[PDB]
Amino acid sequence: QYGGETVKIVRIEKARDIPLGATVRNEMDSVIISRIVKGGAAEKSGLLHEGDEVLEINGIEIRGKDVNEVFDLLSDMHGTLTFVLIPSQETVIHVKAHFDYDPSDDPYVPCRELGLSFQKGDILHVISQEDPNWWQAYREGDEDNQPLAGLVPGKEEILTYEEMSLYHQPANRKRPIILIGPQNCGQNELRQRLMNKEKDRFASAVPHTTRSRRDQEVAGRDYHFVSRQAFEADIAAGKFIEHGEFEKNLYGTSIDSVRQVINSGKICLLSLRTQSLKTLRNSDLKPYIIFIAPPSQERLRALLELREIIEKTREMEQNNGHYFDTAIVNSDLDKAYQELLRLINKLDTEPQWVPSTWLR
Amino acid sequence: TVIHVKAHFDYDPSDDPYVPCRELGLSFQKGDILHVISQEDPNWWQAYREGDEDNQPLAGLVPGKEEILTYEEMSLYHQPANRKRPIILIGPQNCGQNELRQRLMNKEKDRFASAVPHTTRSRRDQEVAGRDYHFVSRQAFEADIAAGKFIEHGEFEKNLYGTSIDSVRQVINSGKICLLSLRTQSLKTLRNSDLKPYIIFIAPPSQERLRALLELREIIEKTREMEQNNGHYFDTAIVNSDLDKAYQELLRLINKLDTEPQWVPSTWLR
Amino acid sequence: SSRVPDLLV
């Protein structure tokens, strides 16, 4: 009964007419907790988490409904709560704005009661930068009686002029190549074709792993087996472009290994999530970022709800990404591949533009 | 010497009333590249474009809105007890700078002081080279511009003047807060060095009251020039009124700096 | 216009 899955029963105390600082979405036949808003009883108890779901609230089933009756139920009950759930699978940094913003005109915000309008020249407490596209914040001089938090756009520092310079690729120390884009628009096939049709002109970066040494991969041919203590020490030092736990072990990618590959006359290839760029630019690798994007819905459905969400996610990675230096519109595959080879061969006989910092 | 820059803000000169020709615009989109040829003008640089406009000589004018951010990192700061911050006044050339400066350091016997300038004029006996002036020959004086150790250096009758950056620090190491009177072209250096200043802005009043004070042309000129909202470096600004009334705010601020802490950009602290 | 965006409980 009640799904018969890994079930937990939790208790949270709620008064009358008091929001509980949780954001509930509505996707396929189930209700999903989406955010935890600080300063609310949910954060105080520190029990609920994002990604979970709901079965029944105070003994009344939930699955099979929309959000509005859930809202009506929660806005009419007080006292001790009873929730049924299955589990999931910082420090203040005062800032000062330099523009204007007003949520009621922005058709993009992931809620409408957490806007937090503010004029130019204010001061903000920022509490969490966890979701790197929407920060949680408090306006200075109003801290206590908000009472909850607010959301503010996560524009990274972007100037209104810079200083660029010409740069010529040397004879035999070639710049990396770094592909980014949405999750399901054929990056992997492109990588495999590039590494298979041409075999002696590309390479890769061997990662770090804290697993056990199986009897198929020896010393430095496929991994860099180490002890976990060194791994957390390196994370603290900040030597990792990207790192993520998986299966009780740790993976990643270093910065020395990329130098080993780039230091012998080959073109490194990679693939990244949109998070890591901030760490990559500040170093001196001198990357070259390429954005692979899908075309409109009609031709894509020709190629192969899910279409709409993929177009939407494509939209998000632009309008707050301005680093990269070229966009490839995916099409007939063996035309995008030709375009990619054209671009990469172009670098050898045509100088390029880099911010002048990377040379001083 | 040319400088290459890369824009980041869309701008179309179809209507912006501060361009003093109404048709020399060099409209461009976000992500273009400029070829700046002449920057000595405090505003309205002279610019090419990179692209189709290259064939013809451009020689256009582009707004000089120097680098400003979107988000910045700040920090709290308490004033020390023996190394106080300096005070610098900026404003349009006719509103009451000199009056406030002289009366502010004249009615407090030993609480304020001023730095000393470098001068290439003739050495004399009345002006002792230690108490007021810093007599130095011409060639070495001309040398230091290459290093860039000057706040602001003007020219007057074949003699060039300016102030050090070490005289200010020397006065800071004593008591007796030091005052100045700056020019808006020369902020970058004094905001980028480890000096930690405090900038306040003096503004002129509206047409009616100013006309009452001491025809329409100069009033229009002053209210136009007051629209130098190409700064916004400075912390706080006041508005002029009855002259023997501005003290209730000026002294309040300059003396209140002792008690409550202030905000400074996180760079200066570390 | 993804969905009705969200809701605060």
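Using the numbering of Swiss-Prot, the residues shown for chain A are 248-336, 345-410, 461-609, 620-675, in order.
Method on record in the header is electron microscopy, 3.7 Å.
Every residue, even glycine, has its Cβ placed from backbone N, Cα and C.
Summarising the annotation, Swiss-Prot assigns domain 'PDZ' to A:256-336.
Look at A:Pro487 (ATP binding site): DSSP puts it in coil. The Cβ of A:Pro487 (ATP binding site) lies under 8 Å from the Cβ of A:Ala598, A:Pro599, A:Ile625, A:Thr628, A:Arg629, A:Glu632, each of these being in the same chain and 6 or more residues away along the sequence. If you look up Swiss-Prot, you'll see A:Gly486, A:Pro487, A:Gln488, A:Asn489, A:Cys490, A:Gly491, A:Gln492, A:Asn493 marked as ATP binding site.
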List the residues in the vicinity of the ATP site, defined as same-chain residues other than A:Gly486, A:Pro487, A:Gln488, A:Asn489, A:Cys490, A:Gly491, A:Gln492, A:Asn493 with C-beta within 8 angstroms of the site's C-beta centre.
A:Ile597, A:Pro599
Output the one of A:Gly486, A:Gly491 that, of all these binding-site residues, has the highest number of other Cβ atoms within 10 Å of its Cβ.
A:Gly486
Please determine which of the binding-site residues listed here (A:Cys490, A:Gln492) has the lowest count of neighbouring CB atoms within 10 Å.
A:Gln492
Per DSSP, what is the residue count of the domain 'PDZ' (A:256-336) in each of helix, strand and coil?
13 helix, 22 strand, 46 coil
Under 8 Å Cβ-Cβ from A:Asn489 (ATP binding site), six or more apart in the same chain: what's there?
A:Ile625
Distant-in-sequence Cβ neighbours of A:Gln488 (ATP binding site), under 8 Å, six or more positions away:
A:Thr628
